[PDB]
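J.: return atomic coordinates for the entry below.
(chains A, B, C, D, E, F, G, H, I, J, K and L, ligands or ions: 4)
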Amino acid sequence: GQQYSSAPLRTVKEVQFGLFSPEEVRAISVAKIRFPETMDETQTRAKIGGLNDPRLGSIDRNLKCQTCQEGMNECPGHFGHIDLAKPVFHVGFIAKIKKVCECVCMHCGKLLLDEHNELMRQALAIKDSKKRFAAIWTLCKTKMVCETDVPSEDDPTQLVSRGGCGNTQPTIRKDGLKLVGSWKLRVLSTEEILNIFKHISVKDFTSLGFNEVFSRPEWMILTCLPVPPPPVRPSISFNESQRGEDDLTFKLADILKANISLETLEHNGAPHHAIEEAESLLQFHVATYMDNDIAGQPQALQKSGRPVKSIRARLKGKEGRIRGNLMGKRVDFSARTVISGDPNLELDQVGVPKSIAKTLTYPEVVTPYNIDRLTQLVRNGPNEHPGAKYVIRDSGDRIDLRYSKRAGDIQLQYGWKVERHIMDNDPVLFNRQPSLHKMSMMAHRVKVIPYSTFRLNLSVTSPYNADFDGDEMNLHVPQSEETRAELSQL
Amino acid sequence: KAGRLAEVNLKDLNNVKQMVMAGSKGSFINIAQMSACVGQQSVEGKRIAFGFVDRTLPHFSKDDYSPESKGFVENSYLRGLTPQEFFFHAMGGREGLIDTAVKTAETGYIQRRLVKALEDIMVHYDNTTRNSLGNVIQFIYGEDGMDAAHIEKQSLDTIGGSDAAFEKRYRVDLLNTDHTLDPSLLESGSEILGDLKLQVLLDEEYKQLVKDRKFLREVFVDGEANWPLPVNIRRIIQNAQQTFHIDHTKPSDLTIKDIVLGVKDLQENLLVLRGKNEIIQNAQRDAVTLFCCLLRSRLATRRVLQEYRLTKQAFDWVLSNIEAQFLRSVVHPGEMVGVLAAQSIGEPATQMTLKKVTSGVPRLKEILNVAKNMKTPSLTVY
Amino acid sequence: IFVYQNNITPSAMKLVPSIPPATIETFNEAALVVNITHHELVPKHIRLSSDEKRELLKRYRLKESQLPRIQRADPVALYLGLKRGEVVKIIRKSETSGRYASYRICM
Amino acid sequence: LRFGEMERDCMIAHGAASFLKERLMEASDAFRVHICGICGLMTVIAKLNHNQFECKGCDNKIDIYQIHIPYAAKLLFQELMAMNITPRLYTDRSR
Amino acid sequence: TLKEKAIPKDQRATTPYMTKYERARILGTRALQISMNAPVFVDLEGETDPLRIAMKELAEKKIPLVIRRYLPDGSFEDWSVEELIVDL
Amino acid sequence: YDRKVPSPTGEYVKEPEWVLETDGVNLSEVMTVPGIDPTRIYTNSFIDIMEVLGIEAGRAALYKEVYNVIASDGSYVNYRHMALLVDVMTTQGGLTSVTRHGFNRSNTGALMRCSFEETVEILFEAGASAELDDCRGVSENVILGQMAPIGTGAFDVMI
Amino acid sequence: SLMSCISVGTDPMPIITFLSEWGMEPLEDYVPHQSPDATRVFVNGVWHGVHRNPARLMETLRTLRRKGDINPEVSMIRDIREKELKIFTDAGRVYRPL
Amino acid sequence: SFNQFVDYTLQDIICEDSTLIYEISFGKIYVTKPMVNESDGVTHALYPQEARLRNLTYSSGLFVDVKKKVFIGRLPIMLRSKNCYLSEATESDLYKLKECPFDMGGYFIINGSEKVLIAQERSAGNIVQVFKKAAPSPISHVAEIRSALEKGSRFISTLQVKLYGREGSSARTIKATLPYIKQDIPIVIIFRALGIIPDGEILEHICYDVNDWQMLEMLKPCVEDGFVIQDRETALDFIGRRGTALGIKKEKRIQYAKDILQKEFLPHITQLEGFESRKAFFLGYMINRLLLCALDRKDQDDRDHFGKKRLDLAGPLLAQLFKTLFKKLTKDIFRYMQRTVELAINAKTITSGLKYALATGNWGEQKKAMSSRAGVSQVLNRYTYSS
Amino acid sequence: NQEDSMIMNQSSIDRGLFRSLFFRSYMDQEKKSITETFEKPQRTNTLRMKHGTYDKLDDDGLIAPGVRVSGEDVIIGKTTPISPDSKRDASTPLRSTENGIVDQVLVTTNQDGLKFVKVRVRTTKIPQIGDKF
DNA sequence: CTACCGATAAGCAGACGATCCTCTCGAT
DNA sequence: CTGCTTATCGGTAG
RNA sequence: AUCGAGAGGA
Ligand SMILES: [Mg+2]
Ligand SMILES: [Zn+2]
Ligand SMILES: [Zn+2]
Ligand SMILES: [Zn+2]
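T.: Numbering: from 1, shown residues only, chains lettered A, B, ... in the order given. Ligands and ions are numbered 1, 2, ... in the order given. The protein structure is shown below:
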């Protein structure tokens, strides 16, 4: 139930993981993100040029997605972006931001121990971007000063040249979100570290798990934060007249309020200090819209409750995206019922009860062979057992067989699809959880029975590990012939 | 002992004994407890320990280590448990419920890890065994390239038996009127007597059978014959001497070559690895090796001709059958073993519920952690 | 082959890889009292030639890395002296087939 | 009904993959997105019925491809994108 | 470079037998076409199930499908449903 | 202990031996003792066995324990399955744990290692170290919802 | 179980004022070395000092309890071979009859 | 448990901090028989039966006598309490009330749904317990007491008396961990802090037998870490403590320690001035218990013993809430007065603050951070009389 | 009757063995210038009503007790007037799976003065094939 | 004899925890 | 019931 | 319909 694409279709082959550049973020987006509001520009119920819309997805079931068009059920939701005036750290990379800042000194921004050291020579040649960065770190964490010059390897004296100014490098520590060190206090600003990575030599990236084009430390700390679209944070609830938005929408509002809380102090009434108090909260929200499980403070009220979610806890294991909605999806065409056992059945058989048979369906193409039985099936309809609902035509249009004017008729042409009830001897997957096996997952033959149980053979008791003490059991029905093969042959 | 007193008292019309005689439900403990006595209850290995510091219940004195005070139920479930007894029994039962709800918990953490550690491990095509990186694990799946589905337990006759009983069994000496094949066993037996071209082929057979016995005993130091091996030769043989209806009174029509150069040429046709280059065909040999012990083994001029007399028509079929069945037992390139191998260990793991060595799921928890902190360490010096 | 009988001060192990192409291997006497390769579990390890490596690497069509690996300070690998690139062959006995060939490149 | 991670694993044992793609695409969610041949992400504006796919910044008009992935995946990648990570999808076997 | 590859008809290391997975999706891929009113290459002996026909077409070796078997390094070996032996 | 050993007549007779069992472990110094047979001394510590007798002995020793876990409870699981598991642990070079510390750092494609325990970070450093996911493994193709290179999809049909 | 109840919890004060008025040397005025034959006295885990000869102190307490004068909830734990006597008036102890 | 919470516990929780800054000072509490003032209407005597049909709360009004008659809020009443009325009604009267004679109540009730308060179980305070520690732990045994009062707020000041150094490990010192403090303090300094200066008198509070040399030898290493500090005044001085503590002190940090030992250190026994020996004996009793288990003369203290566990039931359950709820009503009147400086009662707080908790499970109002969450008050369950 | 099953005499079932009544209760209130209303619904520019038949509801928007309910039949008809950009449906149907007869219907009011309703539906349930025991 | 560097030992802290399932209650 | 980080101790070099 | 809790089934 979609459209038709001059663009070809293909399997996904490679997956590349990287980072976002200011260059991308600002050109990849279409939205601008100006106002911290959501809707109602002085009561005017629409979209607003603030957070939700200006060249992005809609809500009132409209094709007004900006030539994106067509239906919420099609537009993936571009995106826009939010111009952070003051540079802002990244949350999961606090560990590594430190780590790199413990590998590169100040002022010029250069590798601490070159090829001149005769231990670092076992790092610049080793394969893998992962173990290489674990090698370098071990050496340039003790040495502080950028060094004058400095050997000369190999040998006697006096010396050679390479370049650099010999300033001391601090002992960096973790303080919530800030990085502070001791020299022999000075806190390393976000503006201060971005400028260290805005330079840095080309062979300084590759040397430690990075890439010229894909991922840079100057991108690791966040210049311009991307704004996720609406289909990632839906709307109303129990009103249709009293809003009720999501929750990632609430946190982006907190950043947007804090972002134009600094520009109302830069080009407006400008205090000299205690303005760093506002730099913590604008960093804190991008540090909390991305993760909320570190150390210090959680979050709470509004227009909602507490604590918070913050992407990562949509990703984290179980009931989140990967392990809950990707690895193990919920699925259509399925059934569950309490099992009871039947000695007058055949081993591979499974008594599917009548009402479940009227529910579940298999799409069958109309082929000159089956018409005689298939048209009778249309005529019997979705009530009497050997029947069917839904008839699919040339142009993909849906005949609902349990309403409509022309349902006690329909002349079936060739190559039309007809979803039919399950009939006897169809091949169906029949499992019991907890599924410990292949053999808790066995195909079966169908015989439609009266009474509400799934009936099955006592000798198939063991591999599923079932009683009749009330064990319920699942049943899945294929939808392609190929699958129908791969069930009764494997 | 009380149990076995109740076991040899149950008459043959006694229904409980009959279900046990069937293997249908129940066992010896079930009998012992219902009819005789339920025995000594245990919590954390040790018999009921004191709560009330130096006594189990306040119905007893202190420092009383006798049987009833520390939780021995003298009566059976038919007779009735006593006030005390009942609480003791309760204490035991509760631990059962407790560890069950903690076993499956610990098992499903095992199972999931196993499944996730092996996963992408499948055969393919070069019949080896590898992951997504294409980092090889096994060069031949299960070291022999056989699916476990087909495989069966089969005694290796070469492994057991006396040096006196062995010759008797396998040696065919034509130059020896007391060790020849009787002219009643072979069509040519009397003419085959003597002969120096067929006593370099039989000496070729008997010498490989002895190289086999020294080779097997070096592998199976246990002395155990019975081992998992493809293709049930015993049943191909039972199929031979009932399909062709052979009388054990009239002599075979086989030649000594038919047998000896038969088995040696079938051996060539038991393909597993196929590559025509030096290294592959060298591993081809090093995969059939055990199954070729076993087929010689079995079959053995003396075996074929004296133990289960076979005709040339039947024997050619048997040889044809073994090659046929053998090619069916090979793993199918594509078999996902990752999962299959995890599932096969994680399943009985779930079926463990309760003598000093750590065992059960708790131990298995160490093994799969590569634990430095292992509960029971032990040298076993010989 | 250095055969020390107590311990080595770490100021001496840094003067080991300082004379190429020659190699020096330090061995303790407490680790040499009994031959490990004699033990039930340990099977016979057989070092192979660089020409036979390429023979393995092409005829099983592998990548350098894709082979099962053995450690540099591995008890057996020290007993035969395996550098990086040097592969061993291991002829272990199995209850499924008499023999089975294993290979380990030294990482 | 949920076809759990533990349940998937059993279908893998059986070597039935055409069924697992049926159960994770045709049932549940299937979605038709649109990738830029150059930049690799989900930027392409689907100006369908008008044949236009003009992804600006990369100035793409021709080099754009269609793929069939679950909506949960698109949800995953977007979330990564918003967490400042590029999860790129490429069309060809070689690099 | 597209392309090659590819591994010639000589020097075939692979099982000449058809694998149970190769079988199941040969029937599979055919029963997809059979179900969809497409030319049949055998005589239909009163059977009407689109998978049941693909079995008969297989017994007589009248399926024009060609397997590509992929080996880890990248190489593939082409096998027709004529050279492959069905023995399961 | 009971041993089964060949008599000069041919048969195996039952010859009982004397065996000592210890509550501690130090294989580095026990086998070096005059009296015991240092070609049979066994430990239930496959971690020590590895350290002393080489990685390959480490395998079987780790196998013997996976074996005794199973067979002690009256079950039999076929050699190939344990032998697989065992060997997966061993083939990286040392003893690779079946936990997030072991088999999850091992150079495998990110998406596949995502679908486990340290889900988020795996994605993070993948963004940092510019990881290229190969997408030839199971979980990677489940995520993208495609014909997974498993049994059926290991090969590819043509005309 | 059927018989069991929860302690409601009384005022500890009348017990205190009773003990010190029936022997019972307060903790301050206690000298350990010259009165080792001493049962220390606890009330809701508060050490209120030492009592010499607790034998007759017990049977007076137990009688007052069984009569009603001391709330029948209040539990009176005399340790013989530890020289302690604890009197508990908490709100949560589980008790039964017999 | 609920009758003790009404007929008393309610009274005294009202008092205490009630007195304000003139002198708005609370007194007696009168408790009505369950009523409901419904909108544009009269005060109605709500019976059980009516409550359930109508989605009402079977709660009575509190009235409290304030000083220089007044509605405070509404307390959910437990059925067959006190005055579910009911607890007066004869069998015949029950049917007319459409309430079951088999109904035993338990369960009062909120928004028309019947709710049961589930007995909570925790470990009792004010008991001395000794615990043998693991292997990689520097300390071997620890004497723990969850010292907390019964009539005076909710201060849980946990005290640890540790015994470092393993068996074998040379010189087994004993130190203790005090509340407001930061570092650990040797015990000999604690005593000297209370007012016991001469050793030997020290080991008298601890060891109660002159013959018992073994214990005495055990304490020898402690004293060695003491005689840096040989006078009272300096024993309160070694409470410092560390890195930096304001700086400006000496005469201010001495008075700092002099409070911690009376207000925090064993908050039972007492909390006032003239008690120092009452505590040092108890502290000595702890050390006696700790070393009595280190010589293995007495066992390590049993954690699962039911007689050292208490049940918090419906009564003292509601107490927890009412204390917190009443103090939020109190400290609202203090802030209404502040802006007055020239009626006021927010009765909904207590009314709805009890209802919210008794309806959900989150025993503690809108915070939920109190992990009492565990479904305190569950939705009865009436499938069968026995259930 | 193998593996924790049992065979139950149908004849006894019919004379009354393990038969049971089953009661379920449905609930509704009004609002929180804008108030919800009880009435048998109609189109009304609403075009977002439930699937089943409202035909069993009289005029107050409730079922009468004698009636018989089954499947997606509406039990409480209740509309909610919304501006916003008339009356949007907020009717509670009978449970997807359930069926049977209305037992009692309660019309009352709450502390605030809200029109409040509790519908009690009753089914007889007979010891069927998969019922646990 | 003193100062710097390396190695080892002790002390503190983290990331999950059976699978599915059906119901009830309260909340921005 | 475990890996990583910090502190302390013994050793070598200037 | 979303979140948070508890009860029960295998
Ligand atoms: Mg059962
Ligand atoms: Zn769009
Ligand atoms: Zn520099
Ligand atoms: Zn792009």
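J.: residues touching the one residue in the stretch 51-200 of chain B that gets nearest to ligand 4, list them.
T.: The nearest approach of the stretch 51-200 of chain B to ligand 4 comes at residue B:132, 27.7 Å away (C-beta to the ion). Where C-beta positions appear, they are placed from N, C-alpha and C, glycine not excepted. Residue B:132 makes contact with B:120, F:108, F:109, F:112, F:134, F:136, F:137, F:138, F:140, according to C-beta atoms under 8 Å, 6 or more residues apart in numbering or on different chains.
J.: now, which of those residues sits nearest residue H:12?
T.: Nearest to residue H:12 among the contacts of residue B:132: residue F:112, at 64.0 Å, using C-beta to C-beta.
J.: verify the stated contact: that closest one with residue F:138.
T.: Yes. With contact defined as C-beta atoms under 8 Å, residue F:112 reaches residue F:138; the gap is 7.2 Å.
J.: spit out the residues that contact the two alike.
T.: Contacts common to residue F:112 and residue F:138, judged by C-beta under 8 Å, 6+ apart, are B:119, B:120, B:132.
J.: I'd say residue B:84 and residue B:55 touch.
T.: No. Applying C-beta under 8 Å, one finds residue B:84 not in contact with residue B:55, separated by 11.5 Å.
J.: the strand or helix carrying residue F:62 near chain C anywhere?
T.: Remark: residue F:62 resides in helix F:55-71, with elements defined by DSSP states H and E. Yes. Against chain C, helix F:55-71 shows contacts by C-beta under 8 Å from any C-beta of the partner chain at F:55, F:56, F:57, F:60, F:61.
J.: so is the residue lying closest to the fourth one once chain neighbours are set aside in a helix, a strand, or just coil?
T.: Closest residue to residue F:60 in three dimensions, ignoring its sequence neighbours and counting by C-beta to C-beta, 6 or more residues apart in numbering or on different chains: residue C:41, at 5.1 Å. With DSSP: H, G, I helix; E, B strand; the rest coil as the basis, residue C:41 sits in coil.
J.: and the nearest residue to residue H:304 once chain neighbours are set aside, how many neighbours?
T.: Closest residue in space to residue H:304, ignoring its immediate chain neighbours: residue B:51 at 7.7 Å, by C-beta to C-beta, 6+ apart. The number of residues packed near residue B:51 is 14, by other C-beta atoms under 10 Å in any protein chain shown.
J.: compute the number of surrounding residues for the closest residue to residue B:63 other than its chain neighbours.
T.: Closest residue to residue B:63 apart from its sequence neighbours, by C-beta to C-beta, 6+ apart: residue B:54 at 5.6 Å. Number of residues near residue B:54 (other C-beta under 10 Å) recorded here: 11.
J.: repeat that for the one 10 residues further on.
T.: Residue neighbour count, defined by other C-beta under 10 Å, stands at 13 for residue B:64.
J.: let me know whether it touches residue B:55 as I believe.
T.: Yes. Counting by C-beta under 8 Å, residue B:64 does reach residue B:55; the two are 6.4 Å apart.
J.: and the helix holding residue F:62, what's buried?
T.: F:55-70 (16 or more other C-beta atoms under 10 Å in any protein chain shown).
J.: thinking again about what came up before, burial of the residue nearest to residue F:60, as a residue count?
T.: 20.
J.: list the residues that contact it.
T.: Residue C:41 neighbours (C-beta under 8 Å, 6+ apart): F:42, F:49, F:53, F:56, F:57, F:60, F:61.
J.: show me what contacts the fifth one?
T.: Remark: with contacts taken as C-beta under 8 Å, 6+ apart, residue F:57 is in contact with C:39, C:41, C:42, F:49, F:50.
J.: distance from the chain centre to the longest helix along chain E, please.
T.: If you go by DSSP state H, chain E has its longest helix at helix E:20-35. Helix E:20-35 has its C-alpha centroid displaced from the chain centroid by 8 Å (C-alpha atoms, centre = their mean, to the nearest Å).
J.: ditto for stretch G:79-89
T.: 7 Å.
J.: and if you look at stretch H:199-215?
T.: 34 Å.
J.: next one: stretch D:43-62
T.: 17 Å.
J.: now check it, is it near ligand 4?
T.: Yes. Using C-beta under 5 Å from the ion, stretch D:43-62 reaches ligand 4 at D:43, D:58.
J.: who's in contact with residue 104?
T.: Looking at chain A here, since you left the chain open. A:110, A:111, A:112, A:196, A:200, A:204.
J.: hmm, no, I was thinking of chain H.
T.: residue H:80.
J.: quick check: phi and psi at it.
T.: Torsion angles at residue H:104 (phi, psi; degrees, to the nearest 10) stand at phi -110, psi -10.
J.: how about the one 5 residues further on?
T.: According to degrees, to the nearest 10, the main-chain angles of residue H:109 amount to phi 180, psi 140.
J.: farthest-separated two in the contacts of residue B:132?
T.: Taking C-beta to C-beta, no two of the contacts of residue B:132 sit farther apart than F:134 and F:138, at 12.1 Å.
J.: tally of neighbours for the one residue in the stretch 201-350 of chain B that gets nearest to ligand 3?
T.: Proximity of the stretch 201-350 of chain B to ligand 3 (C-beta to the ion) peaks at residue B:338, 50.3 Å away. For residue B:338, the count of nearby residues is 29 (other C-beta under 10 Å).
J.: ok, the residue nearest the centre of chain C to chain D distance?
T.: The centre of chain C sits closest to residue C:77, judged by C-alpha atoms, centre = their mean, with a distance of 2.2 Å. Going from residue C:77 to chain D by C-beta to the nearest C-beta, to the nearest Å gives 35 Å.
J.: for residue A:389, same thing?
T.: 17 Å.
J.: that residue should be in a strand, yeah?
T.: Yes. Under three-state DSSP, residue A:389 sits within a strand.
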